Structures are given as structure tokens and as C-alpha cells.
Amino acid sequence: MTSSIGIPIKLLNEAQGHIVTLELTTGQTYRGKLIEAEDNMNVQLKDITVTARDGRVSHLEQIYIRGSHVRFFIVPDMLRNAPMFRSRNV
Amino acid sequence: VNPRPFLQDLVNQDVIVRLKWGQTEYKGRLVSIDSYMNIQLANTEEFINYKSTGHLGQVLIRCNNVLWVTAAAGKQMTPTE
Amino acid sequence: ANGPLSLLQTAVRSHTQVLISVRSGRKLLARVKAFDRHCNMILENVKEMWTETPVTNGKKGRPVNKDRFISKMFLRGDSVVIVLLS
Amino acid sequence: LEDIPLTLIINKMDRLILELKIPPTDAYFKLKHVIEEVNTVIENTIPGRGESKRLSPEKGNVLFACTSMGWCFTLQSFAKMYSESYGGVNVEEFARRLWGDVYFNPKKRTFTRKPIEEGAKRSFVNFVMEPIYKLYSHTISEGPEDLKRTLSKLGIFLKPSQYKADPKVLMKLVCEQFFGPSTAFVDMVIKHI
Amino acid sequence: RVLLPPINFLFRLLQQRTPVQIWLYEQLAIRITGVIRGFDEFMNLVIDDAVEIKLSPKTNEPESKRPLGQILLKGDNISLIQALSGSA
Amino acid sequence: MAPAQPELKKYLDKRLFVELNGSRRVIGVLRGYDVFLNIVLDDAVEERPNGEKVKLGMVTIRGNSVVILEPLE
Amino acid sequence: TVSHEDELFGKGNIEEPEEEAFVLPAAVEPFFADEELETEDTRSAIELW
Amino acid sequence: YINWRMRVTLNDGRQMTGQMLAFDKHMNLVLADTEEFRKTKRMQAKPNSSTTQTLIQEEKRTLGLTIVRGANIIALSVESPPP
Amino acid sequence: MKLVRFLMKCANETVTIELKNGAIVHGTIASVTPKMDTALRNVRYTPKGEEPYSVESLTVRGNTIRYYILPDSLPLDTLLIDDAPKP
Amino acid sequence: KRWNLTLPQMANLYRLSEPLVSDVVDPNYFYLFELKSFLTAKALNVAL
Ligand SMILES: Nc1nc2c(ncn2[C@@H]2O[C@H](COP(=O)(O)OP(=O)(O)OP(=O)(O)O)[C@@H](O)[C@H]2O)c(=O)[nH]1
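And the structure:
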């Protein structure tokens with residue numbers, strides 16, 4: 001059969017180029033412009049402003065995170081009204 | 008020597024398996040090994056913190072809680088100083 | 025049919041009580057009724073034992089072995105740490 | 290001369306298949322003739338800088354299209370349909386190896402320049418053009434049951450009323466469900482403009 | 011350039027029989043030092059003459075050592091395998 | 001089917017710092033990777049929280065062991 | 484100046500260099516591999532086209 | 014079960030209330046108008062009472078459109094139906 | 001046999017499932033998925049050290065649960081009958 | 340009220356209709372000899 005990726009993975013893939021905030025399972029949240037995405041949610045960011053829950057604010061460039069350690073991701077509001085969300089009734 | 012051939016040769020022989028939780032060890036005659044590395048052993052004795060907790064008998068252990076496995080022939084269960 | 029599944033099937037057919045040590049710090053003495061390939065088990069006449077440390081007025085006392093009786097129990101194979109057929 | 294970035298769209302491939310009726314290797318030769326003519330006049334516009342703005346399918350700035358049936362593809366997208374249908378294919382390197390005087394040996398599973406196994410055709414021909422020719426020929430040449438069997442064998446499904454359509458509209462539906470939308474054109478514009 | 015696959019690196023280490031020290035998964039003070047004897051598709055490595063080393067929690071130095079002989083470790087318990095180059 | 005390989009072709013043969021579980025750091029040069037993110041690197045230097053760098057040379061980190069990566073160049 | 488066949492293979496190497504030697508998986512075939520190029524009615528089909 | 018206003022409980026104990034927009038095979042849920050409420054237990058000691066009261070203070074932060082992986086998702090409950 | 005088929009045959013019943021996180025939810029099961037994800041109606045959930053909360057329904061994933069206890073009058077012999085076709 | 344014919348049947352009917360059926364393939368055959376041209380010539384009092 002034909003493999004169907006998830007709608008949330010499609011929304012992650014369509015979020016490339018816009019600034020998103022990814023919080024890992026380690027309590028560190030980095031907000032920056034996503035530069036790539038993969039089907040396994042392994043995303044690479046360029047701006048990456050990182051804030052760690054112990055209170056550590058820093059900046060880093062070209063940071064890649066695997067999908068396993070990634071807990072939550074927040075994307076821009078415009079993608080809330082994306083073409084993917086329309087229920088195709090053929 | 009592949010790990011599957013090593014487990015096949017370790018069958019019907021005394022082996023000691025150290026688990027990943029609590030640093031426990033189980034020494035006994037390995038009876039059956041599955042494709043998913045599921046272990047079934049006979050005459051098993053459990054030891055905790057280098058102290059023998061006691062013999063249990065026929066023990067079935069899944070591969071998830073198993074950390075390391077070795078032959079029990081010529082191996083000392085006491086920790087070297 | 026020839027590995028630990030054979031031992032589980034033999035224990036289920038013999039209806040013999042076996043002790044399963046669960047990774048949440050629990051023990052379960054129960055008779056095997058049904059088993060799956062992913063180590064998921066359904067058992068009858070289960071006695072579940074655990075050790076609870078009573079903290080009275082901020083002082084940690086001696087642990088107590090608490091026990092409970094369950095008529096029918098269903099345990100997932102993921103939470104199973106060790107099994108011993110008795 | 291204004292130095293606006295330039296991309297190429299070869300159009301009306303059905304004329305290669307249905308008007309001229311040339312064999313697939315001659316279709317490759319016709320495609321390469323058009324591409325070299327475009328690059329020749331680019332080179333003659335500004336001498337010496339024709340390599341900087343070279344248009345060739347392996348770079349991804351040439352998009353083969355038939356606009357009547359409504360399909361367009363680059364080499365990268367066609368290798369992407371390979372990677373979707375089979376799995377585990379490096380799309381970029383395969384699209385690099387697809388175009389040119391590259392011959393495919395199936396027994397050795399390799400890319401050479403001369404036919405090593407005495408009958409190996411081009412990489413572009415064997416992988417790209419002969420599937421399109423076979424799609425066209427079998428879509429307009431077969432009855433509805435044979436068409437259903439063949440297109441289900443590839444994995445294309447149509448409602449049974451549509452299998453008995455006119456050849457032009459059936460052709461449009463088949464090519465639409467085979468190639469898919471114009472994502473290849475979008476990729477070409479994003480990467481090269 | 012030429013990439014180094016992990017399977018190719020494991021095959022080269024097994025053919026050269028070089029010493030390897032593997033810090034365990036979820037344990038930075040637990041290591042296994044030995045010689046690679048065999049590998050499987052599930053990243054389960056059987057190593058001969060393996061010795062388990064428990065490191066000091068303060069100075070990060072090797073505190074306790076125990077040779078377990080020829081053992082086999084699954085890939086889920088292995089975190090960082092480094093080839094200790096012998097001084098030849 | 002088969003999972004897609006990670007996009008790390010531009011990160012090959014470059015200085016990279018990888019943060020792994022146990023709050024460990026590895027500074028090295030990328031030598032290869034796999035579909036299951038099994039990264040093999042050369043000239044590795046391991047750093048604990050004490051800030052001490054220990055050379056190891058050729059090292060390998062599994063996909064589950066790898067947590068974060070960042071190019072140093 | 485830099486030919487594609489030269490930048491991909493190297494002067495007169497003809498075959499791929501052994502340091503990379505790109506190969507496709509055994510499953511990969513052309514799409515209509517088993518189907519013949521021309522049905523006996525294809526002449527008639529393009530005549531009616 | 015889409016487009017229903019629900020609250021989902023994360024594995025870290027944080028709650029997220031909002032309109033569930035989409036779900037996948039691996040339970041990776043994308044929801045809009047997300048509000049993350051965390052109920053942290055704080056022992057506030059009054060200056061006149063010696064008994065410190067343990068209160069579950071709820072800190073709420075609006076996030077908007079958020080996608081959460083299914084491995085860290087635990088449970089969810091419907092709060093309000095479609096409006 | 002498949003234990004998911006037995007759990008689906010064990011649906012539409014009042015049970016109590018304790019998860020791996022220590023939270024225990026008791027209620028009447030409404031639906032059971034092949035991946036052991038169970039949605040139950042009239043749920044009462046108690047977390048680790050938190051006060052219990054009553055909700056109309058609650059859905060628990062098949063991975064987060066640890067141990068489920070059903071009523072003693074469950075027809076286990078009837079639910080273990082092989083009904084799927086032989087492959 | 341509606342018909343569908345297979346490719347052999349349509350080919351055979353095309354071959355049988357040779358004395359009548361038109362051999363013009365190119366629409367450019369009808370340059371300045373189409374309906375719009377005739378109407379333009381009528382409005383201009385000229386004849387092609
Ligand atoms: N065989 C074939 N014919 C086509 C295709 N696309 C268009 N045509 C025919 O070619 C004619 C030209 O199409 P147009 O879309 O008008 O081309 P155009 O670029 O708008 O023409 P101009 O703007 O005046 O340059 C149309 O009348 C079609 O009949 C095609 O993809 N294949």
C-alpha cells in the first residue's frame with residue numbers, strides 16, 4: 001500500500017523557513033528559523049536561541065535535533081490556515 | 008563468532024547474565040533462546056550486589072531487562088578489587 | 025513454540041503459580057491463563073506484593089510488605105522485568 | 290543581457306511521441322538538440338560566460354513538460370518517483386547520473402560510457418523516456434480490461450467508467466495520476482530562481 | 011572524500027582486533043574494555059576478554075575493574091564505543 | 001519502508017560538537033553516518049561537566065545515544 | 484570546459500571510480516519493464532489519433 | 014474526533030488545552046490555540062499560621078499552534094464540543 | 001492468537017487501569033484500538049499524589065498503561081475463543 | 340442514445356469510410372477560408 005505520512009509531520013515539513021520554537025525532552029527550548037526537516041522529525045535550525053529550564057539563555061547556530069529527544073514544537077500561526085488542513089472530498 | 012552462534016553454543020551450558028537494573032546477576036544453565044533474544048534458563052541462581060540472593064529455578068527473562076551475558080565457566084561472581 | 029513461549033505455554037497448561045517481578049518494584053504470584061508473543065499475559069488468582077516505606081511525621085520507618093488479591097489481571101510485556109515459573 | 294536568471298521548459302513531448310513517432314533514443318537526441326541550441330544562443334549572447342549560465346537537465350533547470358496532458362517533470366522529480374515507488378534511492382546522485390552519454394548496465398548495475406554488456410542503452414532513455422513511451426502506447430493501444438490490469442500493476446487506479454473514455458481524456462487522466470501535480474516546476478523555480 | 015559507515019568501521023575493528031572501550035547507555039561511569047570478536051544486525055557485539063570498569067563519581071577515574079571474559083552486550087546498553095589505539 | 005537518511009552531507013568532514021546523554025560533550029570531525037544515525041567520527045575529544053578534554057580518536061555514537069549536534073565551523 | 488561526463492567519471496575512466504561506485508538497489512527497475520514498447524494496435528491508435 | 018476542544022496531559026505533567034486540529038498514526042497531535050497550564054504544588058507559609066499550605070498553583074501560558082510527538086503524549090480528555 | 005482481539009472482546013466493560021506513571025483510571029471502556037489504545041467513558045483518574053478527577057471520557061495510549069484489572073465476572077473462556085480465520 | 344466502441348471497431352469504421360472521410364489533419368489548411376474569414380469578406384464586400 002501507499003505510505004501516508006501524518007498531517008502533523010506535514011505541518012512540520014511546511015514550516016521550513018519560518019521561525020519556530022522546539023522544546024526537547026531535556027527541558028531546553030530553542031526558538032529559531034528552521035532550515036530543514038525530515039520524516040523522523042529531525043530538524044536543523046539556524047538562528048537557535050536556546051533557553052534551558054535551569055535558567056540558561058544562550059545563542060547557537062546550525063543546531064540539529066533528532067526527533068526522539070524532541071518533545072514539543074510550536075510553529076507560526078499562518079500555517080494554522082494551511083492548504084493541508086482542507087478536507088479533500090474527491 | 009556471531010552473537011547468534013554464541014548464544015546457540017551457550018545453550019545447554021552454565022551462563023551468567025547481568026541485568027541492566029539493580030546490577031543483579033543470574034547464573035544458571037541456559038535452556039532456550041528465541042529470535043527476540045528472550046532467555047529461558049534452568050537451575051538459575053540470582054545474586055545482588057555481589058551477594059547471592061538465592062536459587063529460583065526455571066527463570067524466563069526478556070531481552071529488555073538484560074544488559075550483558077557471558078559464560079559461567081571459569082568466571083568468578085565476586086568483584087575484583 | 026520452542027523457546028520461552030514453550031515454557032509459558034507449559035505453565036499455562038499446567039496452571040502452575042509463577043512469580044513475575046515487575047520493574048515498578050512489584051511481585052506477582054499468579055497462575056498463567058493466557059499469553060501473547062509480545063509477553064503480554066492474562067492471569068487468574070493473582071497475589072500482588074510490594075514493599076512500602078512508611079514515612080510517619082517525617083521519619084522513614086521500617087518497610088512493610090503490602091499484598092493485594094486480584095481475581096483477573098492483565099500485565100503488559102513491556103513492564104515485565106523477570107519471570108520465574110514455580 | 291539583463292542578467293535575469295533563466296530556466297528552460299521543454300514543451301509538447303506528445304509531439305515527440307505521437308506526431309514525430311521517433312524511437313526513444315531519437316527522442317533523447319531531439320531533446321539534447323533543443324537544449325544545446327538554447328545554450329548555444331546563450332553562449333553567443335555573451336562570449337566566455339556560457340558555462341556560468343549553462344542549462345542542462347542534470348542541474349535541475351530544465352523541466353520536460355507536456356502542457357496539453359498537463360504533466361511536467363525534472364530528472365530529480367522522476368528519480369523521486371523511483372524513490373517513492375521502490376525506496377532507498379539517492380535521488381540527487383541518480384538524477385546526476387541520469388542525463389548524458391551515460392549507459393546503464395543492469396547485470397553489473399553500473400553506469401559507463403560505452404555499452405559494456407552489448408545492448409545497454411542510455412541511462413536517460415532506459416529509465417525516463419521508454420517508460421513514458423510505453424505509458425503512452427499502452428494507454429492509447431489497449432482495451433479497458435487490459436488497461437485496468439496494466440495500470441493496476443503499476444499502481445494507478447481509475448473508476449471503471451473512466452477506463453472507457455475517449456483516448457485524449459483517458460490519456461489526460463492517466464498522465465495526471467501517474468506524474469501527479471506540478472511540484473517539479475515549483476522545485477525548479479525555488480532552486481534556480 | 012570517503013565516508014566511514016558504522017558497519018564498515020565495526021568490520022575494520024573486528025578484522026584489526028583493536029581494543030575498544032564502550033561507555034554504557036545511561037551510565038557515564040560504566041565502561042567495557044575488550045577486543046571485538048563479532049557483531050550482529052541488531053548492534054549486539056560479542057567481545058572476547060571483556061573487562062567492566064566502574065569509574066569514580068568524583069574524579070572520573072577508573073575505580074573498580076572486573077574481567078568478565080568473553081561476553082556479549084546488546085546495542086541498547088551501549089552508548090559510546092571508542093577504539094583505544096595501542097602504542098605500537 | 002526504509003527510513004530516510006538524515007541531511008548531514010554538508011556536515012561531513014567538519015568540526016562538530018555533539019551533546020549526548022549524561023551531559024557529555026564530544027568535539028570531533030565527522031567521518032560517516034548511517035540510516036539509524038550511527039555516527040562515526042575521528043579525532044574525538046570527550047568533555048565531562050568538569051571541563052576536562054580527553055582524546056579518544058575514532059569513536060562511534062549510536063542514534064539513540066546522540067541527543068544534539070552543532071557544527072563548530 | 485568541465486564536461487558532465489568528465490566531472491562525473493574522470494577523463495577516460497569510463498566506469499565509475501571505485502572510491503564511490505554508486506549502485507542502485509536490486510529492486511529498482513524501469514516502470515514498464517515487463518511491458519513491451521508497442522502493442523500491435525499502436526499503429527492503429529496513432530492513426531485514429 | 015477532530016476539531017473538538019480538548020485538554021491533553023503530557024508525560025511531564027503539563028496540561029495543554031485547545032482545539033485538536035489533526036492527529037497522526039503515531040499519535041503526534043497538532044493543535045491550535047494551545048494554552049499550557051502547569052499545576053505546580055507550592056508550600057506557602059503564612060506569617061501568622063505555622064502550618065504551610067500546599068496549593069496547586071496553575072501557571073498558564075498561551076502558545077498558539079503546537080505539534081506534540083506521540084511518545085511524550087499520555088492522555089487527553091474532551092473539554093468542550095465544536096462551537 | 002492476538003491479545004488485542006481479546007482486549008477488544010473485553011471492551012464495553014468497567015475496569016481500572018494503572019499506568020506506568022502511577023496514575024490509575026477507573027471507568028467503563030468505550031473503545032479499544034489494535035494498538036491497545038483504550039478510550040473509556042465515565043472515567044475517574046488519580047495521579048501520583050494528586051487529588052482524583054472525574055471526567056466524562058478519557059483516552060489512554062497502549063504504551064503508557066502498566067496493568068489493567070477487569071471485573072471478576074468476565075467470560076475469559078468465551079473471550080479467548082479463536083474467531084479469526086486461519087492464515 | 341449513447342455509444343462506445345473499442346479501438347479495433349473504430350479503426351475498422353475509419354477504414355471503411357475512406358471515400359467520404361476528410362484527409363485534412365492540419366487546421367492551418369483553413370487559413371482565410373474559415374467562417375470568420377467569410378464573414379469578414381461579406382462585411383467588406385469582397386470575395387476570397
Ligand atoms: N501537442 C501539444 N500541443 C499543445 C500543447 N500545449 C498547447 N498546445 C497547442 O498549441 C497551441 C498554443 O498554445 P498556447 O497556450 O496558446 O501557447 P501560447 O504561448 O499562449 O501562444 P502565444 O502566447 O501567442 O505565444 C494551442 O492552441 C494548443 O492547441 C501541448 O502541450 N502539446
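Respectively, the protein sequence lines represent chains B, U, V, G, R, X, E, H, Z and S.
So in the deposited numbering, the last one in the first sequence is 90, and the numbering has no gaps at all.
So in the deposited numbering, the last one in the second sequence is 88, and the numbering has no gaps at all.
So in the deposited numbering, the last one in the third sequence is 110, and the numbering has no gaps at all.
So in the deposited numbering, the last one in the fourth sequence is 482, and the numbering has no gaps at all.
So in the deposited numbering, the last one in the fifth sequence is 98, and the numbering has no gaps at all.
So in the deposited numbering, the last one in the sixth sequence is 73, and the numbering has no gaps at all.
So in the deposited numbering, the last one in the seventh sequence is 532, and the numbering has no gaps at all.
So in the deposited numbering, the last one in the eighth sequence is 96, and the numbering has no gaps at all.
So in the deposited numbering, the last one in the ninth sequence is 87, and the numbering has no gaps at all.
So in the deposited numbering, the last one in the tenth sequence is 387, and the numbering has no gaps at all.
Every residue, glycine too, gets a C-beta built ideally from N, C-alpha and C.
Asked, Found
"Three-state secondary structure (DSSP) of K448(G)", "coil"
"Close beta carbons around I27(X), own chain, < 6 Å, minus the five adjacent residues each side", "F17 and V45"
"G469(G): contacting residues in chain E (beta-carbon distance under 7 Å)", "Chain E residues near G469(G): none, gap ~14 Å exceeds 7 Å."
"Closer than 8 Å to chain H by CB, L24(B)", "no"
"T356(G) CB to nearest heavy atom of ligand 1 below 7 Å", "yes"
"The stretch 55 to 68 of chain U contacting the stretch 45 to 62 of chain V, beta-carbon criterion three pairs below 8 Å", "no"
"Beta strand (DSSP E) runs contained entirely in the stretch 344 to 381 of chain G, provided each spans 3 or more residues", "351 to 355 and 360 to 362"
"Residue interval of the alpha helix (DSSP H) (run including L7(Z))", "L3 to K9"
"Contact between the stretch 69 to 78 of chain B and the stretch 7 to 22 of chain B (3+ Cβ pairs under 8 Å)", "yes"
"Given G22(Z) as reference, the closest of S62(H), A58(H) and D25(H) once Cα atoms are compared", "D25(H)"
"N13(B): CB within 7 Å of a non-hydrogen atom of ligand 1", "no"
"Alpha-carbon to alpha-carbon, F383(G) and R27(R)", "37 Å"
"Within 8 Å, strictly: CB atoms of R31(X) and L41(X)", "yes"
"heavy atom of ligand 1 below 7 Å from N18(R) C-beta", "no"
"Which listed residue (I68(X), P71(X) and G63(X)) has its alpha carbon closest to that of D34(X)", "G63(X)"
"Chain G within 8 Å of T345(S), Cβ atoms only", "yes"
"Exposed unless 16 or more other CB atoms sit within 10 angstroms - verdict on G44(R)", "buried"
"Opposing strand residues paired with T65(H) [DSSP bridges]", "None, per the DSSP bridge assignment."
"Backbone CA spacing between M1(X) and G376(G) [nearest angstrom]", "7 Å"
"Limits of the unbroken alpha helix (DSSP H) element including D489(E)", "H487 to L491"
"Length-filtered (3 minimum) beta strand (DSSP E) runs lying within the stretch 52 to 89 of chain B", "56 to 59, 63 to 65 and 70 to 74"
"CB contact below 8 Å: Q44(B) versus chain X", "yes"
"Within-8 Å CB hit, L108(V) to chain U", "yes"
"For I69(Z) and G27(Z), the rounded distance between their alpha carbons", "11 Å"
"Chain-ordered chain U contacts of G27(V) [CB-CB under 7 Å]", "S39, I40, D41, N45 and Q47"
"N300(G) Cβ short of 7 Å to ligand 1 heavy atom set", "yes"
"Pair within 8 Å by beta-carbon distance, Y67(Z) and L67(V)", "no"
"Sub-8 Å separation of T38(Z) and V55(Z) beta-carbons", "no"
"Against chain S: residues of the stretch 440 to 460 of chain G by CB proximity under 7 Å", "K453"
"8 Å Cβ cutoff, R66(Z) in contact with chain V", "yes"
"Proximity test, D365(S) beta-carbon vs ligand 1 heavy atom, cut-off 7 Å", "no"
"Residue 265(G) in three-state terms, based on DSSP", "In the structure as shown, chain G starts at 290 and stops at 482, and residue 265(G) therefore has no counterpart that could be examined."
"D455(G) beta carbon near ligand 1 (any heavy atom closer than 7 Å)", "no"
"Cutoff 8 Å: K27(U) Cβ touching any chain R Cβ", "yes"
"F505(E): first and last residue of the uninterrupted beta strand (DSSP E) it sits in", "Looking at the DSSP string, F505(E) is not in any beta strand (DSSP E), and its letter there is neither H nor E."
"Cβ-based burial, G81(U) [other Cβ within 10 Å; buried from 16]", "exposed"
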